[PDB]
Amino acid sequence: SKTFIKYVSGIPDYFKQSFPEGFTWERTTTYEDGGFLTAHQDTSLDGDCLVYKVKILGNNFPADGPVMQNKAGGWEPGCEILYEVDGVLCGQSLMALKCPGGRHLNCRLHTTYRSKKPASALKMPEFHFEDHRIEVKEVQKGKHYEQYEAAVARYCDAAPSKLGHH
């Protein structure tokens, strides 16, 4: 839900800038055990309501893996890198799924974010990071879930530059 990000240090907000038109995103997530999860999403503004429409295709998840065995323990917090490619915004991230026995299963997210506004009408952000944290509670088995996420967009303040870069 890319509209809900705290942007610091004056980084342009590609997603909020896109309204009222909205934006789309497309992603393939590659899992280290051979699974793939591909998604396309449309984000629109219907007056005072945001409308998300998502299409999902997932495949090759091992039958004995934590995904198909339904033994996943949620995601670790993650960092995404974002930068312009071909006049749109690209995103790249690694995530880690918590597994039984204190193990992790990693994956890579390959994302392109596409504004429905033309590039000429937008202020494109420079290379930056988005910190994310996703938390899930299963209310009813395989039926009802609740999900929380916090997200911040920033430069690298933690490790400072000598060359005066961001």
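Numbering starts at 1 and follows the sequence shown.
Chemist: Look over 138-146 and 19-27 in the entry and identify the one with the greater average Cα temperature factor.
Modeler: Higher of the two, by average CA B-factor, is 138-146.
Chemist: So, looking at the entry's B-factor column for Cα atoms, which has the higher mean, 34-42 or 116-124?
Modeler: That would be 116-124.
Chemist: Would you mind checking where the Cα B-factor of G102 ranks among the modelled residues of its chain, as the lowest, middle or highest third?
Modeler: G102: CA B-factor falls in the middle third of its chain.
Chemist: Hey, what third does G58 fall into on Cα B-factor, ranked over its chain?
Modeler: It belongs to the lowest third of the chain when residues are ordered by C-alpha B-factor.
Chemist: Taking the values exactly as deposited, rank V67 by C-alpha B-factor within its chain and report the matching third: lowest, middle or highest.
Modeler: Middle third - that is where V67 ends up once the chain's C-alpha B-factors are sorted.
Chemist: Which third, lowest, middle or highest, does the CA B-factor of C49 fall in along this chain?
Modeler: CA B-factor rank for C49: highest third.
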